[PDB]
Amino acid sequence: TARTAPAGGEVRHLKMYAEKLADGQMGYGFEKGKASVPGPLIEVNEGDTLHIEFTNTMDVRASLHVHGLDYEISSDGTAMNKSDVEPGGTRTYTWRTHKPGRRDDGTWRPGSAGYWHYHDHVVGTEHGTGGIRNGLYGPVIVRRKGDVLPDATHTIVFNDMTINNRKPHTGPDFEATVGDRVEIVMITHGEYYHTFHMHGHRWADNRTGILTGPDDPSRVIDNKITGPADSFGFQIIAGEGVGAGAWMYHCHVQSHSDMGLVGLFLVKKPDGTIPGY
């Protein structure tokens, strides 16, 4: 039986930094000098609270803003609500999450579980256009009790005309072995719509990207249109029914793939070999 996420309700503490990178980008990190684009994955269970001690090491104001999770207005990360951070400053952002349940009026409160993301909201403009462009974005996963857990999680961000702010034709590539349970968090940012496509693999267009059983009527897809700040995720069994191979993933807008918004899902046999690669 597959590993599943247990019941949440833990108070978690975390440090985060925003940093200017040597190449002109901006990234988040859990440690000073280890900022990355995309920023590090934040993964919690429904019911967890997260207190993020956020330090802005940059010479301009910056913030942390999160989609999907519960936060009071004092943690919304906007200039309007006095929620961003001065250069060199520190602020504790609090993100909460809740489980689904019956309200007293008999309606059903949805839980926080899903594939979400965080990003800056004040660099360049009051909607963080410059911060997002420079790399201040990262993924958030909230698990429901009983959600299937993967062997590994990869984050793919279509940010304007880049994947993960990389130069075109430089991937990123990811690797797995036939049979691995691989999780993809797929986020879009910027100005343009995209369509995310994976060769050789498919998933369900629902909350978890997988079906629980035969009663779920969700479309099974391998291609999905996205726009700025959309987030979704899914899991696949690497090579299931198709075998090892260099499986391309790309934006399917023809000029986007033509310019190099493409990467490789490298699915290996145990000996590491990939047929035709």
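Note that residue numbering follows the sequence shown and begins at 1.
Out of 232 to 240 and 208 to 216, which one has CA B-factors that are higher on average in the deposited record? Per the PDB entry, the higher value belongs to 208 to 216.
Mean temperature factor over C-alpha atoms, higher-scoring stretch between 167 to 175 and 196 to 204: Stretch with the greater average CA B-factor: 167 to 175.
For the listed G106, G128, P139, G135, which has the peak Cα B-factor recorded in the PDB entry? Of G106, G128, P139, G135, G106 has the highest C-alpha B-factor.
Based on the entry's values, in what third of the chain does the Cα temperature factor of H189 lie: lowest, middle or highest? Answer is lowest: the recorded C-alpha B-factor places it there.
According to the PDB entry, is the CA B factor of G77 in the bottom, middle or top third of its chain, that is, lowest, middle or highest? Middle third - that is where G77 ends up once the chain's C-alpha B-factors are sorted.
Per the entry's values, where does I156 land by CA temperature factor relative to the rest of its chain, in the lowest, middle or highest third? Lowest third - that is where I156 ends up once the chain's C-alpha B-factors are sorted.
Would you mind ranking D222 by its C-alpha B-factor against the rest of the chain and naming the third, lowest, middle or highest? For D222, the deposited C-alpha B-factor lands in the lowest third.
Compare the C-alpha B factor of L261 with those of the other modelled residues in its chain, then answer lowest, middle or highest third. Middle third.
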